[PDB]
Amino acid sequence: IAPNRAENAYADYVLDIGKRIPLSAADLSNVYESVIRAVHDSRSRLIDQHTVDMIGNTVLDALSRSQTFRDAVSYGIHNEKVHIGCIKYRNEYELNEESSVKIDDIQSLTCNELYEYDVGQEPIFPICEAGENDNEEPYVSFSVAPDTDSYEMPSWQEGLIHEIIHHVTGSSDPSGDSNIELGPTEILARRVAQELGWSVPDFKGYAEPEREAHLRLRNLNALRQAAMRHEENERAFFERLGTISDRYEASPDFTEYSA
């Protein structure tokens, strides 16, 4: 009898069961290829090439260097969860209701209104979730990627791994809001981060105020950085973010930014 998917015990269950049938080198090779394909096919729903690359780098690095991630992934493949190669990626955002910002839509946002608000009143929020589309195909929506070498990068990577773990292990977050338990999804993601040398803050609970503040500020900064990357194409940037947030396809070739 397995632990419930929302209890901390579920994390160790997943790893124990996952280690029983390890990915062969050929198995891993094929998973590696499926992820590359999946991420490449995610372009039409990601904000920019940088984010495409970073998602790819992050998942592939985790597969290459983290036994925990490989165990979680193998668990999913052999125990009727999501095969990681089936997962596509998106950068869906949502207007913040409390914001004083006066805009009808994400498309209308400007770099300015993004920088004229600190955490608490920021104009938009990323949607970070493991969901499924109409055809029941799994996707992960997550923050745009922060700049290479940014403070935000390891936390962003750990958070991305977190969402994938939902899919590939079927793990949940804690049922109630807690300051002392992380839940099995976050537990696993933290182990992966530790194995890969991603420096993330040592939080105790999934809903700890410091954790909530950290995430919000990471997201705001990742978004500011992403916008600044496309400073010359400001309208194109927010229009694409809106297109994706409305659940439409944008150019898989990012022609909106083209020289």
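Counting begins at 1, following the sequence as shown.
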Segment of higher mean CA temperature factor, 203-211 or 216-224: 203-211
Given 70-78 and 154-162, the range whose Cα B-factors average higher in the PDB entry: 70-78
Deposited CA B-factor, highest of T148, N133, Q107, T185: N133
Residue selected from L114, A189, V144, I84 by maximal Cα B factor: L114
Modelled-residue ranking by C-alpha temperature factor, third containing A250: middle
Third of the chain's Cα B-factor distribution that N30 belongs to, per the entry: highest
Cα B factor band for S171 (lowest, middle or highest third within the chain): middle
Modelled-residue ranking by C-alpha temperature factor, third containing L23: highest
Third of the chain's Cα B-factor distribution that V140 belongs to, per the entry: lowest
